[PDB]
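# Close look at the chain arrangement
So the chains spell out like this:
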Amino acid sequence: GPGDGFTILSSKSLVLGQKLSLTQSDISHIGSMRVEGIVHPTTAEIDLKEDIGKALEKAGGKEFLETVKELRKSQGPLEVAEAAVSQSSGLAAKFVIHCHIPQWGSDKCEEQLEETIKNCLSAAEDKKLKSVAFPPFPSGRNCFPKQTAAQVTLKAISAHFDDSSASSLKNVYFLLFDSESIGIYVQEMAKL
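Residues numbered from 1 in each chain as written, not as in the entry; some residues may be left out. Heavy atoms only, no water. Residues with missing side-chain atoms left out of burial classes, pairs and counts.

As deposited, the entry is annotated with X-ray crystallography as its determination method and 2.09 Å as its resolution.

Below is the structure:
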């Protein structure tokens, strides 16, 4: 499991047996999380000014900022829905999977979020990861309501495992920090 510091709040197992787990911890514990790939929701430029970026950057130090800087020139700007992977020596996670999340209210923004999440799982499988964690999506000006984000992301994950051939992914974790968020995800996960 994700190990000391991480509580499994709730769990659902999908039709092909992949397990979805709601987990809680302190942001500050992110770089000890025992999962093979962590998702970093971000912008085209792959910034690290949000709570998760900050914690991954602090945990990963110089080597990590360096690996990110290089990726922006290597690949970016990331198109909307695109994911790209950093090696993350210094974390328990083998890789961080950056992804460009669309803005709330854009054209077919729900369908683009869904492509985003699928592209995150694709990138995890391409690296043959056995587990991946999704932290909380951002909130504010141009951000998805929590309801809709939980709804789409859950829907994308199951659809992905339907369409995917021989996924290495057995465990998908949702990192959650607040009660309202925890509650919403539980509500949506019950729609099964």
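Now, onward.
### Regarding the nonpolar core
Our working definition: The definition of a nonpolar core used throughout is a set of buried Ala, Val, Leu, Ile, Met, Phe, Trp, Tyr and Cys residues joined through side-chain atoms within 4.5 Å. Per-residue accessibility, obtained with a 1.4 Å probe over protein chains only, is compared with the maximum for each type, and a residue is labelled buried under 20%, exposed over 50%, and partly exposed between these values. Numbering of helices and strands runs from the N terminus; a helix is a DSSP stretch of H or I covering at least four residues, while a strand is a stretch of E covering at least two. We call two residues in contact when some of their heavy atoms are within 4.5 Å.
Counting residues in each nonpolar core, the largest one holds 36 residues, and the members touching the most others are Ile117, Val132, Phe134, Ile157, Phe174 and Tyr185. If you list the elements that add at least two residues to this core, you get β2 (19-24), β5 (95-100), α2 (109-126), β6 (131-134), α3 (146-163), β7 (171-176) and α4 (179-190). Dropping the residues within four chain positions of it, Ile117 is found in contact with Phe134, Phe137, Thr153, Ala156 and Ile157. Residues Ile52, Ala84, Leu91 and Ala133 belong to the second largest nonpolar core, which totals 21 residues.

### A short note on the pattern of salt bridges
Pairs can form between side chains of opposite charge once their charged atoms are near each other. Test applied: Within this document, salt bridges are pairs made up of a side-chain nitrogen of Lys or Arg and a carboxyl oxygen of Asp or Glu, the two lying within 4 Å of each other.
Throughout the structure, instances matching the rule amount to seven salt bridges. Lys118 is the partner of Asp163 in a salt bridge, and the nearest nitrogen-oxygen pair spans 4.0 Å. Taken as a pair, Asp163 in helix α3 and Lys118 in helix α2 lie far apart in primary sequence, 45 residues in all. On the basis of relative accessible area, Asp163 is assigned to the exposed category, the value being 58%. Taken together, the shared-partner salt bridges in this structure form one network comprising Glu114, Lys118, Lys155 and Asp163.

### As for α3
Side chains that are three or four residues apart share a direction in an α-helix, a result of its 3.6 residues per turn. Going by this rule: Working rule for helices: expected span equals 1.5 Å times residues minus one.
Over its 18 residues, α3 extends 26 Å from the first C-alpha to the last, a length consistent with the 26 Å expected when each residue adds 1.5 Å. Of the residues making up α3, those classed as buried are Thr148, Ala149, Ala150, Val152, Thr153, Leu154, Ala156, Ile157, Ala159, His160 and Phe161. Buried residues along α3 sit in contact with β2, α2, β7 and α4.

### Regarding the pairing of strand β1 (residues 7-13)
The side chains of a regular strand alternate between the sheet's two faces. For clarity, the threshold we go by: Only strands joined by at least two bridges in the DSSP assignment are considered to pair.
Here β1 pairs with β2 via six bridges, running antiparallel. Paired with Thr7 across the strands is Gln24, a residue of β2. In textbook terms, the turn of a hairpin is the stretch between consecutive antiparallel strands, and for β1 and β2 this stretch comprises five residues, one of which, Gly17, has a positive phi near 95°.

### A few points about unusual backbone geometry
Each neighbour pair has its own omega, and for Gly76 with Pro77 the value is 5°, a cis peptide bond. Structurally, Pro77 can be placed in the loop between α1 (51-74) and β4 (83-87). Residues other than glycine seldom take positive phi values, yet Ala81 does so here, at roughly 80°. Even without being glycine, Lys108 reaches a positive phi, approximately 55°. If you trace the backbone, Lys108 turns up in the loop between β5 and α2. For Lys108, a relative accessible area of 61% puts it in the exposed group.

### Things to note about the side chain of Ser86
The test is simple: In the analysis that follows, any N or O atom pair within 3.5 Å is treated as a polar contact, provided that within protein one partner can donate a hydrogen and the other can accept it, and provided that, for residues neighboring in sequence, both atoms belong to side chains.
Relative to the elements of secondary structure, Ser86 occurs in strand β4. By relative accessible area, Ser86 is classed as buried at 1%. One polar contact links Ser86 to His98, side chain to side chain, over a distance of 2.6 Å. Filtering out sequence-adjacent residues up to four positions away, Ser86 remains in contact with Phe64, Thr67, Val68, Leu71, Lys94, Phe95, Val96 and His98.

### Points about α2
For α2, built from 18 residues, the straight-helix expectation of 26 Å at 1.5 Å per residue is met to within 8% by its first-to-last C-alpha distance of 25 Å. Just downstream of α2 lies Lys128, where phi reads positive at about 50°.

### A closer look at the layout of surface pockets
Convention followed: A 1.4 Å probe that fits into a set of points on a 1 Å grid over the protein atoms alone but cannot get out defines a cavity; an open set with protein on both sides within 12 Å along at least five of seven lines defines a pocket, and lining residues are those with an atom within 4 Å of a point. Grid points are joined across faces, edges and corners, and a volume is the space filled by probe spheres set on the points. Residues are grouped as follows: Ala, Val, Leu, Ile, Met, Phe, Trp, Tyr, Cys and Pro are nonpolar; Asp, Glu, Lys and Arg are charged; all remaining types, including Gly, are polar.
By volume, the largest pocket is sized at about 310 Å³. Along its surface, the largest pocket is lined by 16 residues, and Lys12, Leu14, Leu154, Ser158 and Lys191 are the ones closest to its centre. Among the elements of the structure, β1, α3 and α4 are those that each provide at least two residues to the lining of the largest pocket. With six residues, α3 is the single largest residue contributor to the lining of the largest pocket. Of the residues assigned to the lining of the largest pocket, the class counts are seven nonpolar, four polar and five charged.

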